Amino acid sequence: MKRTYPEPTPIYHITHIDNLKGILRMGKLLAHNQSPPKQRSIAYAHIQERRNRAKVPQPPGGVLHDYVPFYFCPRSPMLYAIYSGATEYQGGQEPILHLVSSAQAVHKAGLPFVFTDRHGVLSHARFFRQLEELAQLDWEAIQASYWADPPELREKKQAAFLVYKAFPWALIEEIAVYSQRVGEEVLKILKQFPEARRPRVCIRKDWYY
């Protein structure tokens, strides 16, 4: 009766469109501790500071800031904080891209990864290395459109897929966007990097608030 994970299992990384040039110039997403040439932070600083010191207890270890973060859903709680202007960033959701890949693409590429069953800064989050352990996650919570309550559902919606240090651009399969205007601006940027993969750019308003 409880939902299982789709296979392939989508993973989602949100970023401001003002960072896409830097992603294509580096040819990869870089983890926070790898000093990405980001133009626009859409994070909470006070939770960023927790990620900065949160130990990852599975090899290859380090801290959460050593990994490129993905969720297993679009339309994240983080995106709600952005949509509602609760962040220092005041631009709203419209310039926020969903970069899409899959857990299985990462495994087949032989990149080191870990994943969690819930918001990764929580002291009781479980960490996993084996894709069979996707069965440990709560796929009802991950897909829930109303996630404010109950508390367990809220935590488990924010299970993370964590790729150590860097995520190659070549593994991104789709860029989802809010609006035609932002789609067009993404294709203009991609065309400045003709050697790079050009993933399909899809308007998915249902991935936004």
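C-alpha atoms forming the largest set that superposes within 1.5 Å between two forms make up the rigid core. Start at 1 with the first residue shown and count on from there.
Of 98 to 106 and 84 to 92, the stretch whose C-alpha atoms sit farther from the shown form in 5 other deposited structures of this protein, after fitting on the rigid core, is 84 to 92. With each structure aligned by its rigid core, the stretch whose Cα atoms sit farther from this model in 5 other deposited structures of this protein, between 61 to 69 and 149 to 157, is 149 to 157.
Across the other entries compared, at least a third leave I47 without coordinates even though the residues on each side are present. Stretches 172 to 180 and 155 to 163 differ in mean CA B factor, with 172 to 180 having the higher one. Relative to one another, 7 to 15 and 181 to 189 have unequal mean CA B-factors, and 181 to 189 is the one with the higher figure. Taking only the listed residues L99, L137, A86, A125, the entry reports the highest CA temperature factor at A86.
By the numbers in the PDB entry, the CA B factor is greatest at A109 among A103, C73, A109, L79. In the PDB entry, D149 places in the highest third of its chain by CA B-factor. Sort the modelled residues of the chain by CA B factor and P37 lands in the lowest third. Sort the modelled residues of the chain by CA B factor and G61 lands in the middle third.
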